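Engineer: Here it is, the structure in full.
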Amino acid sequence: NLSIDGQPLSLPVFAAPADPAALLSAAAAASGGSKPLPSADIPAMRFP
Amino acid sequence: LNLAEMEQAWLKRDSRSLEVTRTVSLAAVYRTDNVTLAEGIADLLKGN
């Protein structure tokens, strides 16, 4: 479909470029169980 | 931190304890050698 100079009579095949991808990273809340209470024993000092 | 570790080791080891007095009649423990005190100090008269 060329002209006499070999130039194309058609409009060229266009291609719209891809959009830039949005970056995304992993986000996690920290996980952790509580610590149990230590054992008991009666002291030598009174309560006050 | 180390002072508090030692304080808690104290408060676990610190408790009430037995308190006994004992009276020594020293004339009787010199009497175990039978050269007892009432003559034993009395016969000593010297500048040795």
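Labels used: A, B, ... for chains in the order of the structure tokens, numbers from 1 for residues in each chain, and numbers from 1 for ligands as shown.
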Once you count only C-alpha atoms, which residues of chain A turn out to be within 9 Å of chain B? Could you give them as number ranges by chain?

Structural biologist: A: 41-45

Engineer: Compile the contact shell of residue B:26 as a ChimeraX atom specification: residues with an atom at most 12 Å away, counting only C-alpha atoms, same-chain residues fewer than 3 positions apart removed.

Structural biologist: /B:23,29-33,36-38,40

Engineer: Could you write out the selected residues, including C-alpha atoms, as a PDB file, in the first residue's frame?

Structural biologist:
ATOM      1  CA  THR B  23      25.615 -17.989 128.994  1.00  0.00           C
ATOM      2  CA  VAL B  29      35.326 -24.484 131.237  1.00  0.00           C
ATOM      3  CA  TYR B  30      38.566 -23.745 133.072  1.00  0.00           C
ATOM      4  CA  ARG B  31      37.443 -26.552 135.407  1.00  0.00           C
ATOM      5  CA  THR B  32      37.593 -28.945 132.435  1.00  0.00           C
ATOM      6  CA  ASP B  33      41.370 -28.594 132.862  1.00  0.00           C
ATOM      7  CA  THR B  36      40.172 -23.436 137.267  1.00  0.00           C
ATOM      8  CA  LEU B  37      39.903 -19.690 137.530  1.00  0.00           C
ATOM      9  CA  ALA B  38      39.682 -19.001 141.280  1.00  0.00           C
ATOM     10  CA  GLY B  40      44.230 -19.934 138.127  1.00  0.00           C
TER      11      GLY B  40
END

Engineer: What does the distance from atom CA of residue A:34 to atom CA of residue B:1 come to in Å, to one decimal?

Structural biologist: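 Value for the atom CA of residue A:34-atom CA of residue B:1 distance: 22.3 Å.
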
Engineer: Per DSSP on the backbone, filter chain B down to the residues in alpha helix (DSSP H) and report them as a list in words.

Structural biologist: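 Taking chain B and keeping alpha helix (DSSP H) gives residues 2, 3, 4, 5, 6, 7, 8, 9, 10, 11, 12, 13, 26, 27, 28, 29, 30, 31, 37, 38, 39 and 40 of chain B.
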
Engineer: Mind pulling up the distance from atom CA of residue A:46 to atom CA of residue B:3?

Structural biologist: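 Pair atom CA of residue B:3 / atom CA of residue A:46 returns 21.8 Å.
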
Engineer: Do you have the atom CA of residue B:8-atom CA of residue A:39 distance handy?

Structural biologist: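 Computing the Euclidean distance for atom CA of residue B:8 and atom CA of residue A:39 yields 13.7 Å.
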
Engineer: Would you mind telling me which residue in B:19, B:4, B:27, B:10 lies nearest to residue B:41 when using only C-alpha atoms?

Structural biologist: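 Closest residue, counting only C-alpha atoms: B:27.
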